[PDB]
Protein chains: 4
Amino acid sequence: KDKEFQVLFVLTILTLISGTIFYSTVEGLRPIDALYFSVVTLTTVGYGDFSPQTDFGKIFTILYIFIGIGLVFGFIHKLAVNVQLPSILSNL
Amino acid sequence: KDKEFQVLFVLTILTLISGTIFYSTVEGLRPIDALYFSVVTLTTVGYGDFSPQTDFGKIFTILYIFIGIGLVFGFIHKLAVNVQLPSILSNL
Amino acid sequence: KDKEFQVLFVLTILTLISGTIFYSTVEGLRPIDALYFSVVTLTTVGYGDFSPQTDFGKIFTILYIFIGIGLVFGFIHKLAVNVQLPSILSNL
Amino acid sequence: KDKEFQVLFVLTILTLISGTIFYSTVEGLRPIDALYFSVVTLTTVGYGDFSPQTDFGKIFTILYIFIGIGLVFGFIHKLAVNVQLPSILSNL
Ligand SMILES: [K+]
Ligand SMILES: [K+]
Ligand SMILES: [K+]
Ligand SMILES: [K+]
Ligand SMILES: [K+]
Ligand SMILES: [K+]
Ligand SMILES: [K+]
Ligand SMILES: [K+]
């Protein structure tokens with residue numbers, strides 16, 4: 001379970017690193033903005049303060065969402081159930 | 001399972017083709033923008049860089065969301081569990 | 001199951017009627033825009049082409065989301081599994 | 001179950017209080033706007049009428065989403081299944 005969580009943690013980090021590199025380079029965002037945009041995208045918040053303006057950016061974003069959402073929410077779920085949940089119960 | 005995934009893959013593609021055709025035609029978007037908007041809508045990201053401006057567009061969008069979300073996330077789930085998950089485990 | 005689906009269908013309609021009335025009245029939207037905004041909100045798309053500008057609107061929106069999301073996605077799920085799924089299998 | 005719901009209710013309130021304080025202070029929003037933005041963020045609606053403009057705001061928002069989504073939707077689920085569901089059945 002801790003190994004489950006470690007792996008999803010690492011995969012999430014790699015997914016966000018890829019988005020950070022792509023959006024900084026192709027869409028010209030500052031790295032911090034590119035990370036923030038990647039997170040806002042894959043958690044499906046989607047403020048739209050940043051969004052891809054190039055066709056390369058839009059196509060990547062389509063594929064990035066489809067491949068990354070499953071991982072990100074997998075990680076969030078394991079975070080909530082295997083980490084937050086026990087500490088909450090512990091505090092009781 | 002591979003047949004499960006093939007079918008949801010095909011249905012997702014058809015759903016996105018329909019949106020691409022509708023939004024290009026009625027909302028005047030370039031086909032690539034219409035595809036990108038369809039994806040951004042049905043994955044519930046919703047940047048709002050594109051959004052329907054006509055009443056025909058808004059009504060279609062209501063019905064498109066209700067009918068398409070279930071399919072798109074079904075596909076994402078099977079992608080994550082039946083495709084990404086095994087290759088990840090394989091890499092270990 | 002058909003009774004399950006009928007009930008969630010009716011409840012969803014009532015939830016969207018309430019939002020349509022509220023946003024038309026308090027936020028001044030045309031009824032069609034108010035319906036479209038209610039749907040875009042409760043499915044968590046959130047384009048932001050419309051959003052509440054009054055404090056009454058923001059407070060209602062907080063409570064509307066918390067109470068309506070569970071119903072809307074319940075309906076979407078039953079739609080997908082109890083309606084779309086069988087017709088898809090039938091087409092095969 | 002009522003104890004389950006009470007706890008998630010309290011935790012959700014604390015999570016929203018934290019966001020309200022952070023966004024009022026660091027992003028300069030009025031408290032009501034900060035609460036509304038916190039809710040719009042953690043339910044993944046993401047209108048983008050408000051969004052963090054400072055780097056401190058963007059970094060907090062990344063961490064806030066990852067930690068808060070699981071709690072907020074946990075609460076929504078228990079609300080829907082353990083509160084709305086029985087009263088609906090009761091009305092029948
Ligand atoms: K959004
Ligand atoms: K914008
Ligand atoms: K916009
Ligand atoms: K969303
Ligand atoms: K969204
Ligand atoms: K938006
Ligand atoms: K806007
Ligand atoms: K905006």
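Atoms within a ligand are numbered from 1 in the order they appear, just like the ligands themselves. All values below come from the heavy atoms of this structure, side chains included, with hydrogens, waters and symmetry mates left out. First the proteins, then the strands, lettered A, B, ... as listed; each starts at 1.
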Exercise for the section: Can you label the angle between the B:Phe9 ring and the B:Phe75 ring as parallel, tilted or perpendicular, going by 30° and 60°? Expected result: tilted
Exercise for the section: Quick one: sort the B:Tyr47 and B:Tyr36 rings into parallel, tilted or perpendicular, breaks at 30° and 60°. Expected result: parallel
Exercise for the section: Report the angle formed at the K ion (ligand 6) by atom O of A:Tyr47 and atom O of D:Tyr47, rounding to the nearest 10°. Expected result: 80°
Handout entry: From B:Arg30 atom CZ to A:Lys58 atom NZ, the distance as rounded to the nearest 0.5 Å
Key = 5.5 Å
Handout entry: Near-ring test D:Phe60/D:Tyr23, centroid separation under 6.0 angstrom
Key = yes
Exercise for the section: Give a yes or no on whether the ring-centroid distance for D:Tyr64 and D:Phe22 is below 6.0 angstrom. Expected result: no
Practice task
Work out which heavy atom in A:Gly74 is nearest to a heavy atom in A:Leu8; give both atom names and the distance.
Solution key: O-CD1, 3.9 Å
Practice task
For the K ion (ligand 5), report each protein N, O or S atom nearer than 3.4 Å, sorted by chain and then by residue number.
Solution key: A:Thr44 O, A:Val45 O, B:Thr44 O, B:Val45 O, C:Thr44 O, C:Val45 O, D:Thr44 O, D:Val45 O
